[PDB]
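Okay, here's what each chain looks like letter by letter:
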Amino acid sequence: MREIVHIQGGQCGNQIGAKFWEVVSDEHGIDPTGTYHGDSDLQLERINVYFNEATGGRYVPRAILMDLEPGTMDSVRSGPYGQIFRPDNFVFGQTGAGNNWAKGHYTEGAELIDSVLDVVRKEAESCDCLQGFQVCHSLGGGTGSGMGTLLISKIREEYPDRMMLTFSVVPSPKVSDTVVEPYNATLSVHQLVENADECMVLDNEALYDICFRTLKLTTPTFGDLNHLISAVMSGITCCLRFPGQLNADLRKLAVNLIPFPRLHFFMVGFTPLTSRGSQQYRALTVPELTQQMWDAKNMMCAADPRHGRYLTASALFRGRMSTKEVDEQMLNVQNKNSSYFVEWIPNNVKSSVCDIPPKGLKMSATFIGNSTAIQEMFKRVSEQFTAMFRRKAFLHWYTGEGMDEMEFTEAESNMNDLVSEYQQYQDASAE
Amino acid sequence: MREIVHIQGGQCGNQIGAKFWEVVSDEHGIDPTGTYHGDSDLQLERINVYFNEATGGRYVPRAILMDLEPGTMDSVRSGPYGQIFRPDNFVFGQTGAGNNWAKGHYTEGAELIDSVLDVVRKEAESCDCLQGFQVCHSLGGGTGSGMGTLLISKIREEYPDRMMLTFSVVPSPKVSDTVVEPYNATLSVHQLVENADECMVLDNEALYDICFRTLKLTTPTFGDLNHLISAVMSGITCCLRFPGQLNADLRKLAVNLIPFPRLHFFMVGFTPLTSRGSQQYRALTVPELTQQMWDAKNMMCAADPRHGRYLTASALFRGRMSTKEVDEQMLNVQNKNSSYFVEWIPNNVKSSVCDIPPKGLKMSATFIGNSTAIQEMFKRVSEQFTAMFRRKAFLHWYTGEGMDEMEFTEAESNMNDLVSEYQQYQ
Amino acid sequence: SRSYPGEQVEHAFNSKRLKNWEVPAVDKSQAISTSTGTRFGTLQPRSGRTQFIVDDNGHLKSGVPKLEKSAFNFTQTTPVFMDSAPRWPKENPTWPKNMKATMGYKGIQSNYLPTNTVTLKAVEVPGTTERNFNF
Amino acid sequence: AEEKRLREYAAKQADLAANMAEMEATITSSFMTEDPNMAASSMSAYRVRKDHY
Amino acid sequence: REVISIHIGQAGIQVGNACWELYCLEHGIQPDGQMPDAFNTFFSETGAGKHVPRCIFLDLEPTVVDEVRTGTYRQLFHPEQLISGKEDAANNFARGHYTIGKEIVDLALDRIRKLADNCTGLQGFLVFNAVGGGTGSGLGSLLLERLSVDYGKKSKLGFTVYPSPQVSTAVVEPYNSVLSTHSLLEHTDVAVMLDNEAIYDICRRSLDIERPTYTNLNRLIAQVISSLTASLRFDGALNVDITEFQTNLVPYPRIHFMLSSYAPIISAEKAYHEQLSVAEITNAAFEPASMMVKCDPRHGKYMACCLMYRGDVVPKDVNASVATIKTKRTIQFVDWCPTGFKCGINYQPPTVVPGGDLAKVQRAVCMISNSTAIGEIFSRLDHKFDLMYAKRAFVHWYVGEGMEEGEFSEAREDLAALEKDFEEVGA
Amino acid sequence: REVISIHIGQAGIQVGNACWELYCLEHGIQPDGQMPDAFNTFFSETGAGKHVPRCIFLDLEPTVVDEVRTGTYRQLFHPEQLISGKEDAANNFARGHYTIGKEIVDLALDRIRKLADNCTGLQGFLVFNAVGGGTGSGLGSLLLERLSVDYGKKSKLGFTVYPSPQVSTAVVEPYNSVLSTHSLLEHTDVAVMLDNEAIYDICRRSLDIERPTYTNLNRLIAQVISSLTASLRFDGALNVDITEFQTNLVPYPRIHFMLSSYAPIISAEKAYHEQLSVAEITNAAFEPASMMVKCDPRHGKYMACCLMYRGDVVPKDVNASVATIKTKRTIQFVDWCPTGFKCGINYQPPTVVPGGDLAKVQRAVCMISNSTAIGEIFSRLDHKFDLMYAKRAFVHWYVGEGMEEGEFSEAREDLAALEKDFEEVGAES
Ligand SMILES: Nc1nc2c(ncn2[C@@H]2O[C@H](COP(=O)(O)OP(=O)(O)OP(=O)(O)O)[C@@H](O)[C@H]2O)c(=O)[nH]1
Ligand SMILES: Nc1nc2c(ncn2[C@@H]2O[C@H](COP(=O)(O)OP(=O)(O)OP(=O)(O)O)[C@@H](O)[C@H]2O)c(=O)[nH]1
Ligand SMILES: Nc1nc2c(ncn2[C@@H]2O[C@H](COP(=O)(O)OP(=O)(O)O)[C@@H](O)[C@H]2O)c(=O)[nH]1
Ligand SMILES: Nc1nc2c(ncn2[C@@H]2O[C@H](COP(=O)(O)OP(=O)(O)O)[C@@H](O)[C@H]2O)c(=O)[nH]1
Ligand SMILES: [Mg+2]
Ligand SMILES: [Mg+2]
């Protein structure tokens, strides 16, 4: 019935989606070849949200990979669960953006976007009732940021009522791959704030910190960060795909977390996450889940929410759980540590329950907080953007392409006014 | 019962006519010897449309092959089903036209067309209730265009009542063999607009497009293009040869697709055409057929349809299916893409279903679209024609034969007024 | 249409007794102009002959007045109870929706066969118009 | 109702059979396999067909 | 009492192909032609142990006719009853009404004449056609013309299939339908509309067949015609003939169009859950969600209704249900028809067919009404004829056939007068 | 006699899943639909040997509905009465009242129409909804509006689930509850409040299940509904029908909000130890620690009260207990209501379900009262509605969905007028 169309942009986007589709296929029990071989019949009734029956139990995902160089597509094909994507959905150029947002938004976009729009429209009308689109991408690279952003804009022009999720990774200066990360991210966010329905801000800094501290893995390579992000996405969308005692779709979560149309940048967290040597010692209760959900070191954004106020928050639980305990944990975490919750919105915590656990567990939870500590990361980006734009460094790479300086000026102005609006919604009075 | 006399002109006509008779003789179960070897009874009652019983189960095709070089005849007899034709129907010159439309229309026709006309006239009175003629030729070469065109004019003069199809490939500046292509194409099109009942325009560029992108073939030689065109021909004629839930002959199609006497240039598509690397992922539902039917990358013409408006369209379905789904899919495609359809003709989609799928398949389809994006093709040809006619290049080859300049101007005027009226109806 | 008093059976033809259970039609029952005014009553006697209101073939003569367009119920002036369920082809959350088919998009228009992929060029000047199609 | 269920099940089984049969036929299809044996001519062992070569 | 049924068109004989399957099953006549006297209304009994229908399948394409000739009813369907031409009209009213009809009609007319001479108590004719096509519309109008001048006073029911508003199989079917109606005005006596779209709706709603073909449509159309001829065939507590809808449903000589409906159409499985009693099937036969024509009687006013009942029906509750309907105000009648109903009861329950999708029921209702939502249909169909004729589209086909524009203008103005007729009569 | 039940929302049809299980177990109906005549007020005897309930589950998400369709009561719960949409209203009264309601409500009410036509002696409709959600609020209100315009004077008993003061699952539920109440005012005949933390407290304190789910709550709600329809279903010494609460609890056309209470909700061994009699259960049905709504009637004045008794109850002791309650001054009545009670007695003891947590008991009391603690509740809710409304939070959702600010203002001021009225009624003068 309700349909989620998945879109992946760029190399990080492609690999995030690879792990995500692995997890989803494993959850629904389809084999790496692409045929159903599960046991319980709860798995068949809600795979229309993600797949399409081809021939005798053959389900292919409702996904659109998009890139600019065939290396990513071939790395997708080579991996397990790599033969289930339909080759028609492999749209890809041959030049490569090369960490150039201008190249991703004006030169190659102008002639790749129409083909990718054809593909996305075909896979959108291949189903009956869209829930929405779900795009995964980065804000550092070019072929993901610029191309995916132009795609988002065109999609919001075409289909203005269906929902839109953007799982975006943002750069943060402690781990800085590229040099033009602010030039990319500022323009991308300036476009997001008027196109995207809601955004979840991930960060490799936070992912690495979590894998070091909580999991205590020795070598936490990008595979494990991708698995964490995929766990987050599956915990987001579990409500559609499995029945429960209190369901909550993407539109429901958006309407309960977004109090104003421009305030849609959330920080995410997942529970439980512990080492295999430390899983022997810990207890396993809903309080044990919530103490780790609300812990500030568990947020997948590199921003301490203790430095600001929670505007709204949402929790999605998976597993057979007692709604009494769910409600009272939420109640006490709201009441006790009460300074971190805003005043002019009482009962800030939306919650939902589903009875099917993620693969490998008995109970789990996903937290989505719309806080006002995200203006911290926005300021950290804008300050580097100012530092560069003062001296006009790296500017020719964009200016010799069709872009002008007023684009940068407008991006700066929008970023600054957004952080101002976040600041004064934090510092608003009750009456 | 209702009869189709087939006609092939020139090298291109002979080769696609070869593949065409291979596919048809196969679906009717006729062996390369000429004897029936099918299994069902449903095939026998509708072979008089294409064949004639000669001697004890010997069915020979009702075809006429006309050309000007024996290389075509050897290429006809080289393949299998090469000895199933009739040597009397091999009416054929000896000199060769050679990319000269006037040679195909004035010097060689004057001595060839009488014998071809004798053959086709005897082949016309051989059947009782003739339905119409089928013509397959090219618009680039000389012996196909000129000679076939003159036969078109003569036939329409003798039998002005029956139906008439024309499968014509047209030259393109993107895949171009010869340089006098516009000179031949413009004159032939100029004659087709007054004589032909309707024309279904093919193009080798779009065919290479299909074979490269959809099929993902490595070396799509002419044999494959001829087979795709053959797949189109079988689809356009399935209604006469097999019973179904709703039949629609050629005349029923022309009535439902031609609103104006000069607007008879259709673009054609054919489904299903999926690459064998991606056949494991397909589903087999009339949704999957119509998504490939209305797809712009599946037209066999080099015209982007959504640059203009569909005037009328038709869908010919083969296979056991549900009319409910067929009719509501046509309902959806008309209501969603509301801008791409013309406004003063509601219900632009004719549909028909025939319960017998082609051999080896369970469900197929054929699309015939009368759009106004065809004026892109003709403008693309007319501009090169003007570019050449300004300086009068390559004109002596024609004017030295009897043709004069007013034929070229008349060719320009009808091409321009035609494109002007398509642009008007857009 | 009007429902007349039966004087013996209307006690059994009360709408509530017929399992109607809704607010019944009393339009049909006020148009009678009975003596008591309720459904229990006696009609008025009539005398004389009825002249022809209508012309032939059912067209009202010019002199007699009529309600302007009374054969139909327009949506602007209909009440809320006279509302119908939507039929099939209109989309509704109850019955499933079949897919729609959308005009595709031919590839990037170049001088050779259009494709869905852009290539690296060897020569790039703003006015290059110079490609390498063969692979 | 039981009869209708049985008929539906048989119809679905046969639909799957025909589906797989078409799949196999068109995968082993001469085009999708690009058979050069189709280029052979009938009236010689040396000369080849002009189109399918 | 015998009634002969003619089928003009590719839809017509496909409807007859399901209808006659139902007749032979209901009278227990094996398809080879003999049983292992109610049959006398349909099957003439020749010689000894042989029953040949009173019908003519006539068409222009030989394909579906000789498909009948080669099926299993070679012996039942008789040789000269299956008239077939040589070439089609091809969705062209002119071609089917002036060129080809002139050769097929004399043969069909002098066949049916000797069928009528075989008959003794001829009740009437009933015609089956789709007005969207060329064969059904063109020579259909010509046959009805010559039938009216030959017999005239006998009743001629017509169960036509009009083009649906939004879903369509052809393009020129507005022209064909308008020119067909323009003669169906003064030729048929009672015309019954049967739109394919509403039947697709019904199959989806109640039979929950997600993917029906034309057969399921043909099968339940046969249920309807059988349900309104069963009074002639079998004895009932209150029988009503075929000459009656003549009188009780056509108030004015040019308003003869009927919105048909039927209930209960029900699946094999929903039958277990639902009780089918006389009150609820009389209610369910009045909802627009169970009508055979895609329109809405709530938008208009009922002129008159007929109610055929089959099976386990006693008179008290058909009288109670009609009373309830009268007291309900979701429906309303015109103000010039105080007595707006006609009941009719028959004893035989409707039969089921092997391979059909309908369940076995105790009782059923076939409601045939007359309203002003038909004026709504003609107007919506009038608009899309007005679009295409504004730009002179497709006109060259008809004129090239040999007709002129007087027929176009007079057919459009005749419909305009018909719209005034509905608007004024309903006042 | 018959009474048909409509269930609007994800809470509505879970409550229904508990209630119909209770009904089948009370009337001995197997889940396949047939017995191994009092059932005729809930189950219509279709044909021969089959009962299809007089209810309609309607919902916008297909999940829970086709979960029911796949569950244990496949054959019993009928195929076409379970109405299920395709996409949710998503905690959005506007979406459920203008966008999707206007396409689902006509089919819903044309099902109700033929249910009522099948009916013979209709008592009234009873509706089950939670006003916190999108569906149960929006198309709940739309359905009640069109039912009130189509039927008018019939009884519509609305057992609504309001949001709890401190325990909350949603955020926009103040907007939802206000905009739902604004029409629940003038369309519901008698409304009964059912909060959730109150029942959590009951199950935590009395039934001592330390970890309950929604199912135990739904079981208690089903017990209440059964206890107030048992007078229709089973014969009693003094039976009272549905049309009476209409008359005997609503003194003014806008004051219909009933505090519900039930006693004894007692666990299996507290029951073994305690001795049960009419006097102490009548005492227990009046203390705030046994009510179904999180409020305190000590602060208010009882305007009227109705008491259903079930089981081994004779009129003598109920009269004695009511007398003692009236003489004691712990609870007071409004001055202009000197006869503030309405007793009713039914013979059959409340039945028990295997797996249910309530012990089997010889007698029970269900009180449907009226007070001004509800006027306290509505002000407590208006507080946190005006909080979020002063900054125009979340409003863009509704306005882009199709409402405007005038409706917000009129709902707020309508609740303000209701507050003034609840103040004015309690004054003695
Ligand atoms: N209800 C129903 N309609 C049918 C059936 N078969 C064909 N039709 C309708 O018939 C109309 C077109 O006419 P056809 O039956 O195809 O052929 P025709 O009526 O003889 O007209 P020609 O094609 O010119 O010969 C379409 O609107 C179809 O919907 C059927 O089996 N059932
Ligand atoms: N008492 C009680 N309340 C419930 C139950 N189930 C859900 N709720 C309440 O339902 C409210 C939210 O609305 P839902 O019923 O979940 O969903 P809805 O009403 O259909 O609204 P949508 O989410 O838009 O579909 C919350 O306040 C829950 O407390 C239940 O079993 N018992
Ligand atoms: N979590 C995660 N981050 C990645 C992955 N691949 C690249 N990144 C991050 O993405 C940033 C640059 O993105 P980039 O590779 O340029 O995106 P592109 O435009 O698709 O090439 C770097 O800081 C990387 O740390 C991945 O697989 N997972
Ligand atoms: N599709 C297709 N195109 C052909 C074939 N043979 C020739 N052509 C095209 O037609 C043009 C030459 O036409 P030609 O055969 O010389 O015409 P003719 O001499 O009059 O028969 C070339 O541009 C070819 O691309 C064929 O068998 N199939
Ligand atoms: Mg026909
Ligand atoms: Mg809900």
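Residues numbered from 1 in each chain as written, not as in the entry; some residues may be left out. Chains lettered and ligands numbered in written order. Part of a larger assembly, values for the part shown. Heavy atoms only, no water.

The name that the PDB entry assigns to chain F is Tubulin alpha, with the source organism given as Chlamydomonas reinhardtii. The title given for this PDB entry is "Natively decorated ciliary doublet microtubule". UniProt, in its Catalytic activity section for chain F, records the words "GTP + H2O = GDP + phosphate + H(+)". According to its UniProt record, chain F has this under Sequence similarities: "Belongs to the tubulin family." (UniProt positions renumbered as here; feature names shortened; annotations may be inferred.)

For chain C, the name recorded in the PDB entry is FAP126, with Chlamydomonas reinhardtii as its organism. Here is the UniProt Subcellular location comment for chain C, exactly as written: "Cytoplasm, Cytoskeleton, Flagellum axoneme". The UniProt entry for chain C carries the following text under Sequence similarities: "Belongs to the Flattop family."

Asker: Tell me about unusual backbone geometry, and please be specific about residues and values.
Answerer: B:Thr271 connects to B:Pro272 through a cis peptide bond whose omega is 0 degrees. Counting through the fold element by element, B:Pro272 comes out in the loop between β8 (265–271) and α11 (286–293). Of the consecutive residues F:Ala263 and F:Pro264, the connecting peptide bond is found in the cis state with omega at 0 degrees. Its place among the elements puts F:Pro264 in the loop between β9 (257–263) and α10 (270–273). Although it is not a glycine, A:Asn347 sits at a positive phi angle of roughly 60 degrees. Within the element layout of this structure, A:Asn347 appears in the loop between α11 (323–335) and β11 (349–354). The exposure class assigned to A:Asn347 is buried, which follows from its relative accessible area of 11%. (Helix = DSSP H or I, 4+ residues; strand = E, 2+ residues; numbered from the N terminus. Buried < 20%, exposed > 50% of the residue type's maximum accessible area, 1.4 Å probe, protein only.)

Asker: Can you break down the arrangement of the chains residue by residue, with the values?
Answerer: In this structure chain C stays clear of chain D, and the shortest span between their C-alpha atoms is 20 Å. Across all C-alpha pairs, the smallest distance from chain D to chain F is 14 Å, and the two are not in contact. (Contact = heavy atoms within 4.5 Å.)

Asker: Could you give an account of the interface of chain B and chain C, naming the residues involved and the relevant values?
Answerer: Residue-level contacts link 30 residues of chain B with 19 residues of chain C. The interface formed by chain B and chain C holds 0 salt bridges in total. Linking chain B with chain C are 7 residue pairs in polar contact. Elements supplying a minimum of two residues to the side of chain B that touches chain C: α7 (204–213), α11 and α12 (323–336) of chain B. Ranked by residues supplied to the side of chain B that touches chain C, first place goes to α12(B) with 8 residues. Considered class by class, the residues forming the side of chain B that touches chain C number 13 nonpolar, 5 polar and 12 charged. (Salt bridge = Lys/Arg side-chain N within 4 Å of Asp/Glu carboxyl O. Polar contact = N/O pair within 3.5 Å; in protein donor to acceptor, adjacent residues only side chain to side chain. Nonpolar A, V, L, I, M, F, W, Y, C, P; charged D, E, K, R; others polar.)

Asker: Lay out the pairing of strand β12 (residues 363–370) of chain F with the relevant residues and their values.
Answerer: All names here are of chain F. β12 sits mainly inside the fold: 8 of its 8 residues count as buried. On β12, burial covers both faces: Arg 363, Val 365, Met 367 and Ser 369 on one face and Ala 364, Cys 366, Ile 368 and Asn 370 on the other are all buried. Note that β9 and β12 share 5 bridges and pair antiparallel. The residue bridging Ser 261 from the neighbouring strand is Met 367, located in β12. Sheet topology places strand β10 (residues 304–311) next to β12; 8 bridges connect them, and they run antiparallel. Paired with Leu 307 across the strands is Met 367, a residue of β12. (Pairing = 2+ DSSP bridges.)

Asker: Explain the site of ligand 3 to me, and be specific about the residues and the numbers.
Answerer: Residues and elements named next belong to chain A. Around ligand 3 there are 13 residues in total, and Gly 10, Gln 11, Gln 15, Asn 204 and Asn 226 lie nearest to it. Between an oxygen atom of ligand 3 and a side-chain N or O atom of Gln 15, the distance comes to 2.7 Å. Taking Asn 99, its side chain carries an N or O atom lying 3.2 Å from an oxygen atom of ligand 3. Coverage of ligand 3 by the protein amounts to 85% of the 570 Å² it exposes when considered alone. Among the secondary structure elements, those contributing two or more residues to the shell around ligand 3 are α1 (10–28) and α8 (222–241). With 4 residues, the single largest contributor to the shell around ligand 3 is α1. Residues of the shell around ligand 3, tallied by class, amount to 2 nonpolar, 10 polar and 1 charged. (Near = heavy atom within 4 Å. Areas by Shrake-Rupley, 256 points an atom, 1.4 Å probe, with all protein chains shown as cover.)

Asker: With reference to specific residues and values, describe the nonpolar core.
Answerer: Within the largest apolar cluster, 71 residues are counted, with the highest numbers of intra-cluster contacts made by B:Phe265, B:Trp294 and B:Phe317. Discounting chain neighbours no more than four positions away, the residues touching B:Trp294 are B:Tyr310, B:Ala313, B:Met330, B:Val333, B:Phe341, B:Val349, B:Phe367, C:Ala101, C:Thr102, C:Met103 and C:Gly104. Ranked by size, the runner-up nonpolar core spans 64 residues in total, among them A:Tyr310, A:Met330, A:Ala365 and F:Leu415. (Core = buried A, V, L, I, M, F, W, Y, C linked by side-chain atoms within 4.5 Å.)

Asker: Mind laying out a negative patch on the surface, listing which residues take part and the relevant values?
Answerer: On the surface, B:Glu194, B:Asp404, B:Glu405, B:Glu407, B:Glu410 and B:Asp417 cluster together into a patch of negative charge. Tallying contributions element by element places helix α15 (residues 405–425) of chain B first for the negative patch, with 4 residues. (Patch = residues over 30% accessible without salt bridge, like charges linked within 9 Å, V, L, I, M, F, W, Y side chains within 5 Å. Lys, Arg positive; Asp, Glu negative; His and termini not counted. Charge placed at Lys NZ, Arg CZ, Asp CG, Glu CD.)

Asker: Run through the UniProt feature "binding site: Mg(2+)" in chain F, naming residues and quoting values.
Answerer: Here the UniProt feature "binding site: Mg(2+)" sits at F:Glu61. For F:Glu61, the location among the structural elements is in the loop between β4 (55–59) and α2 (62–70). Ignoring anything within four residues of it in the chain, the contact list for F:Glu61 reads A:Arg2, A:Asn247, F:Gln10, F:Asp88 and F:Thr135.

Asker: Provide a residue-level description of the packing of α1(A) against α8(A), including the pertinent values.
Answerer: Residues and elements named next belong to chain A. As a packed pair, α1 and α8 sit with axes 8 Å apart at the nearest point and diverge in direction by 50 degrees. Our classification of the angle between α1 and α8 gives oblique. Considering how the two elements wind past one another, α1 and α8 form a crossing that is right-handed. Facing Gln 15, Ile 16, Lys 19, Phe 20, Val 23, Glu 27 and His 28 of α1, the residues of α8 in contact are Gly 223, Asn 226, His 227, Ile 229, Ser 230, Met 233, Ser 234 and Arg 241. Its residues assigned to classes, the contact of α1 with α8 comprises 5 nonpolar, 7 polar and 3 charged. (Axes fitted to C-alpha atoms, helices over the stretch in contact; angles between N-to-C directions. Parallel < 35°, antiparallel > 145°, perpendicular 65-115°, else oblique. Left-handed = near helix turned anticlockwise from the far one by under 90°.)

Asker: Describe in detail the sheet that holds strand β5 (residues 130–138) of chain B, supporting the description with residues and values.
Answerer: Picture the strands of a sheet paired through backbone hydrogen bonds; they go either parallel or antiparallel. All names here are of chain B. Taken together, the 9 strands give an open sheet; going across it, the order is β4-β1-β5-β6-β7-β8-β11-β9-β10, and neighbouring strands pair in mixed fashion. Among the strands making up the open sheet, the edge pair consists of β4 (63–66) and β10 (349–354). Averaged over all adjacent pairs, the angle separating strand axes in this sheet is 20 degrees, with direction ignored. In this sheet, strand β7 (residues 198–202) lies alongside strand β6 (residues 163–169) in parallel orientation, the contact comprising 5 bridges. The residue of β7 that forms the bridge with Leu 165 is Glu 198. Relative to β5, helix α5 (residues 142–158) is tilted by about 160 degrees, and along the sheet it contacts β1 (3–9), β4, β5 and β6.

Asker: So, the interface of chain A and chain F: which residues are in play, and what are the values?
Answerer: Of the residues lining the interface, 39 residues belong to chain A; the matching set on chain F comes to 37 residues. Here chain A and chain F share an interface that buries about 3700 Å² over both sides, 58% of which is from carbon and sulfur atoms. The three residues of chain A that bury the most area against chain F are A:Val255, A:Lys324 and A:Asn347, which together make up 16% of that side's buried surface. Linking chain A with chain F are 2 salt bridges. Residue F:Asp66 is joined to A:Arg46 by a salt bridge in which the shortest nitrogen-to-oxygen separation is 2.8 Å. Connecting chain A to chain F are 8 residue pairs in polar contact. (Buried area = accessible area lost by both parts, 1.4 Å probe.)

Asker: Just give me the short version of the side chain of A:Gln43, but keep the residues and values in it.
Answerer: Residue and element names in this part refer to chain A. By the secondary structure assignment, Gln 43 is in the loop between α1 and β2 (51–53). Owing to a relative accessible area of 17%, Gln 43 belongs among the buried residues under this scheme. In this structure the side chain of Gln 43 is engaged in a polar contact, spanning 2.6 Å, whose partner is the side chain of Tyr 36. Ignoring sequence-local partners within four residues, the contact set of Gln 43 consists of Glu 27, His 28, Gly 29, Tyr 36 and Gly 38.

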